[PDB]
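Okay, structure first, notes after.
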Ligand SMILES: CC(C)C[C@H](N)C(=O)O
Ligand SMILES: [Cl-]
Ligand code: NA
Ligand code: NA
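Dropping the structure here:
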């Protein structure tokens, strides 16, 4: 079995796993729609009670399963709770990251294609003060890229260059992942994380030199870090906070478990996971929240910034920032820098959420690495046509997998590790091999505070919000569900195909 050759390489690979698009695209909108600082207070709180404990549990289950040659949540769940329903619940650890990747690769291909369009200079030409006259050309640019429909049919029709860039993005993912751990993700993280940091800091410095009659870049920072105690009683704020914390730290996708499987049994995971979390957070609030929000605020006031944020998720990342850069000297090169930063971010995160399936095919089906990688590729590439051509088929995938399945699977793996596999035993498993020891106070949070807190949050979530999706939506969403549910069944079948061949090799 392969291993992280360099400790630093392990840390950088886990960072690139965590440091992705949620640090640069999701978090700005998440903070803008939720009163800014009013959203920071839960984000901080839920970072201590949910982020770090689930991080350490992810790492512990990963190292435990990897010591016994299993880097997937079905096998590891069977190794923590010996039952068939354990394997059934572990199937989610392969279903969630796959469904996430199905559209994560598409958005990463968006970033790559936009970087190419900006580098070659094939960009819109905004005529020289009306904000609509500047937000309109880049809006139509994004629409010409992804091919959003125009009439009544919810049928996407992406540009040919977009499909070509998607092919190139999948092929780049394949060329990276075909070289394993110590030769592929490690030597790529060692190169991408410094470049990512450099680009982020350069764009931060460039954004801070922006001033308009609608304010300066400091106003967005103020609104971001100005709390508002009038909103801590809104459960939607806490819902969004814990969801974003699950997302930005890869918590609940089973990918951190997958990388932790390649950790040598004796090497540290406590300080490792804490370091990865701290690096991702420093890349989030210090950098990601200090580029989009300050520019949008300085250019349109907090009111119109929140308006653009509530308009859509890509209004800020794919429209607002390029429209603002088109107003500055060398702004085409600046948008190229921004999109290239996003491309490496999505790259280091997407090569991380596609590893559980290959680990399953290698460890549980005894497939060669090349064939496992190529079949997982073909699966993702084919299934991505459902997201590329069916309108609003990405939102359902992100909801059930990246938004609902994450909290569900986090609670599940928490109850499995501590409440089932053994609170004392799993606590020791976390504290074993660690350079530093896990604080005594997080034992109670892991076993008592985190499950009850997440349970109350999930109760409020399911009681006051979900029934709006299973009714007030277009019928085409079923096409996605009918597929993704049918993608779950498929995986279970392979799980069966695992537990049967294991009864054959021993014979
Ligand atoms: C699913 C994860 C890889 C997401 C990533 N941590 C991000 O913030 O974009
Ligand atoms: Cl295009
Ligand atoms: Na992140
Ligand atoms: Na990443």
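Residue numbers (full-length UniProt numbering): 5 to 132, 135 to 513.
Each residue gets a CB set at the ideal place from its N, CA and C atoms; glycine is no exception.
Exercise. Taking C-beta to C-beta, are residue 355 and residue 149 nearer than 8 Å?
Worked result: no
Exercise. Roughly how many angstroms separate the alpha carbons of residue 103 and residue 352, rounded to a whole number?
Worked result: 15 Å
Exercise. Do the CB positions of residue 396 and residue 257 come within less than 8 Å of each other?
Worked result: no
Problem set entry | Residues sharing a beta bridge with residue 221, DSSP | 218
For this session: Consult DSSP for residue 3 and reduce its assignment to one of helix, strand or coil.
Result: The question about residue 3 has no answer here: the residues shown for the chain are numbered 5 through 513.
Exercise. Which runs of the alpha helix (DSSP H), 4 residues or longer, sit entirely within the stretch 331-382?
Worked result: 337-356 and 361-369
Problem set entry | Nearest-angstrom Cα separation, counted from residue 368 out to residue 511 | 15 Å
Exercise. Among 43, 159, 201 and 401, which has the Cα closest to the Cα of residue 231?
Worked result: Checked all of 43, 159, 201 and 401; the closest Cα to residue 231 is 43.
Exercise. Looking at C-alpha atoms only, which residue of 459, 5 and 139 is the closest neighbour of residue 133?
Worked result: Missing here is residue 133; the chain as given proceeds from 132 to 135 without the residues in between.
Problem set entry | Per DSSP, the bridge partner or partners of residue 161 | 396
Problem set entry | residue 237 in three-state terms, based on DSSP | coil
For this session: Compare the beta carbon distance of residue 125 and residue 168 with 8 Å and say whether it is the shorter of the two.
Result: Going by C-beta atoms, residue 125 is not nearer than 8 Å to residue 168.
Exercise. Are three or more beta carbon pairs between the stretch 392-411 and the stretch 427-443 nearer than 8 Å?
Worked result: no
Problem set entry | residue 62: CB within 7 Å of a non-hydrogen atom of ligand 3 | no
Exercise. Given residue 290, which residues of its chain have a CB within under 7 Å of its CB, disregarding the five upstream and five downstream residues?
Worked result: Excluding positions up to five away in sequence, the list reads 27, 31 and 254.
Exercise. Going by alpha carbons, who is nearest to residue 228 out of 308, 241 and 193?
Worked result: Comparing alpha-carbon positions, the option among 308, 241 and 193 lying closest to residue 228 turns out to be 308.
For this session: Please check the pair residue 390 and residue 151, which I expect to be a contact at CB under 8 Å, by giving their CB distance rounded to whole angstroms.
Result: Rounded, the Cβ-Cβ distance is 15 Å, inconsistent with contact.
For this session: Could you tell me how far apart the beta carbons of residue 5 and residue 73 are, in whole angstroms, since I believe they sit closer than 8 Å?
Result: 6 Å
Problem set entry | Which listed residue (458, 207 and 185) has its alpha carbon closest to that of residue 343 | 207
Problem set entry | DSSP state of residue 131 mapped onto helix, strand, coil | coil
Exercise. From 507, 498, 513 and 509, pick the residue whose C-alpha is nearest to that of residue 77; which is it?
Worked result: 498
Exercise. Just how far apart, CA to CA, sit residue 9 and residue 185?
Worked result: 13 Å
For this session: Could you check the C-alpha separation between residue 84 and residue 305 for me, to the nearest Å?
Result: 53 Å
Exercise. Under 8 Å between the Cβ atoms of residue 263 and residue 101?
Worked result: no
Exercise. Could you give the distance in angstroms between the alpha-carbon of residue 87 and the alpha-carbon of residue 422?
Worked result: 11 Å
Exercise. Would you say residue 198 touches ligand 3, meaning its beta carbon is less than 7 Å from a heavy atom?
Worked result: no
Exercise. To which residues of the same chain is residue 471 closer than 8 Å at the C-beta, ignoring the five residues directly before and after it?
Worked result: 242 and 245
Problem set entry | Option in 19, 326 and 105 with minimal Cα separation from residue 387 | 105
Exercise. Is residue 274 buried or exposed, if buried means 16 or more other CB atoms sit within 10 Å of its CB?
Worked result: Label assigned to residue 274: buried.
Exercise. CB of residue 151 to nearest heavy atom of ligand 2: below 7 Å?
Worked result: yes
Exercise. Closest by CA to residue 147, which one among 67, 119 and 172?
Worked result: Distances from the alpha-carbon of residue 147 to those of 67, 119 and 172 put 119 closest.
For this session: Count the other CB atoms, across all protein chains shown, that sit within 10 Å of the CB of residue 325; report buried if there are 16 or more and exposed otherwise.
Result: It is buried - the Cβ of residue 325 has at least 16 other Cβ atoms within 10 Å.
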